[PDB]
Amino acid sequence: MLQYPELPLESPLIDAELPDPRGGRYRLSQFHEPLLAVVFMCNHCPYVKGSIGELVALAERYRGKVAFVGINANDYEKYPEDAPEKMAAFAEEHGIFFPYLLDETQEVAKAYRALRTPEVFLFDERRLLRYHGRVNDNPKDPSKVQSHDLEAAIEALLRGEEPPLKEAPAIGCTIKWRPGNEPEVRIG
């Protein structure tokens with residue numbers, strides 16, 4: 001039977017409260033900017049490393065308009081580069097001023113039916129899902145990007161328009177699930 005289907009457009013924000021290794025805890029529903037971009041990521045994925053610059057630049061450009069939140073759900077026991085301490089250093093190295101949260105149990109990633117890094121979920125003022133997928137069409141190499149999908153969706157929403165009708169699924173490495181946490185995806 002159908003299992004682990006992606007979160008459909010117009011689906012309400014799935015709230016969660018998680019800690020940021022730099023200090024404090026954050027609840028997804030606490031951010032009150034018009035738009036909210038939730039990004040599942042990590043510290044070592046080449047797809048995240050090649051697109052984090054753009055993500056931070058977007059967050060900077062949209063301060064007060066689009067709230068950004070990064071979430072690392074990776075099994076850091078198996079992937080030390082994704083440990084909480086490494087998260088703080090990664091945020092420092094890339095100027096990630098917005099919250100970068102640890103999803104230790106991986107239940108937030110599971111609830112969002114997330115599969116890769118980076119994978120973005122953009123919610124509107126009514127906190128309904130308007131865009132879900134890739135940051136751009138070549139996360140690993142900025143010099144090869146031909147479309148800035150996330151930027152396009154944000155700008156469309158800012159103009160009161162609908163983001164591109166053609167779905168642009170996330171491009172990146174798979175989330176590193178803990179033993180026994182691997183999602184069983186079934187198309188029917």
# chains A, B, ... in the order shown; residues from 1 in each chain; ligands from 1

$ residues_around --residues "range 55-57 of chain A" --least-positions-apart "6" --cutoff "9 Å" --atoms "only C-alpha atoms" --output "PyMOL selection string"
chain A and resi 68+94-98+135+150

$ select_by_dssp --residues "chain A" --states "alpha helix (DSSP H)" --output "number ranges by chain"
A: 46-49, 52-61, 84-93, 107-111, 149-158

$ closest_residue --among "A:115, A:128, A:168, A:152" --to "residue 11 in chain A" --atoms "only C-alpha atoms"
A:128

$ residues_around --residues "range 2-8 of chain A" --least-positions-apart "5" --cutoff "12 Å" --atoms "only C-alpha atoms" --output "PyMOL selection string"
chain A and resi 13-14+109-116+119-123+128-133+167+169-170+182-188

$ closest_residue --among "A:137, A:149, A:103, A:162" --to "residue 58 in chain A" --atoms "only C-alpha atoms"
A:149

$ select_by_dssp --residues "range 33-161 of chain A" --states "strand (DSSP E or B)" --output "MDAnalysis selection string"
chainID A and resid 35:41 66:72 100:102 116:117 119:123 128:133

$ atom_distance --atom1 "CA of residue 39 in chain A" --atom2 "CA of residue 117 in chain A"
8.1 Å

$ atom_distance --atom1 "CA of residue 107 in chain A" --atom2 "CA of residue 19 in chain A"
13.8 Å

$ atom_distance --atom1 "CA of residue 158 in chain A" --atom2 "CA of residue 127 in chain A"
14.4 Å

$ residues_around --residues "residue 138 in chain A" --least-positions-apart "3" --cutoff "12 Å" --atoms "only C-alpha atoms" --output "VMD selection string"
chain A and resid 46 to 51 54 118 134 to 135 141 to 149 168 to 172

$ closest_atom_pairs --of "range 89-126 of chain A" --to "range 26-33 of chain A" --cutoff "8 Å" --atoms "only C-alpha atoms" --output "CSV"
residue,atom,partner,partner_atom,distance
A:99,CA,A:26,CA,7.5
A:101,CA,A:26,CA,7.8
A:125,CA,A:33,CA,7.6

$ write_last_selection --atoms "N, CA, C and O atoms" --output "PDB file, in the first residue's frame"
ATOM      1  N   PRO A  99      18.280  29.957  12.465  1.00  0.00           N
ATOM      2  CA  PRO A  99      18.376  28.727  13.255  1.00  0.00           C
ATOM      3  C   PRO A  99      18.740  27.489  12.446  1.00  0.00           C
ATOM      4  O   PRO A  99      18.232  27.278  11.345  1.00  0.00           O
ATOM      5  N   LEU A 101      18.805  23.657  13.342  1.00  0.00           N
ATOM      6  CA  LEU A 101      18.354  22.714  14.361  1.00  0.00           C
ATOM      7  C   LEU A 101      18.714  21.237  14.190  1.00  0.00           C
ATOM      8  O   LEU A 101      18.822  20.730  13.074  1.00  0.00           O
ATOM      9  N   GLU A 125       1.860  32.725   4.150  1.00  0.00           N
ATOM     10  CA  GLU A 125       1.328  33.437   5.311  1.00  0.00           C
ATOM     11  C   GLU A 125       0.265  32.669   6.092  1.00  0.00           C
ATOM     12  O   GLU A 125       0.042  32.938   7.271  1.00  0.00           O
TER      13      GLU A 125
END

$ closest_residue --among "A:72, A:22, A:34, A:151" --to "residue 124 in chain A" --atoms "only C-alpha atoms"
A:34

$ closest_residue --among "A:75, A:81, A:161, A:60" --to "residue 105 in chain A" --atoms "only C-alpha atoms"
A:75
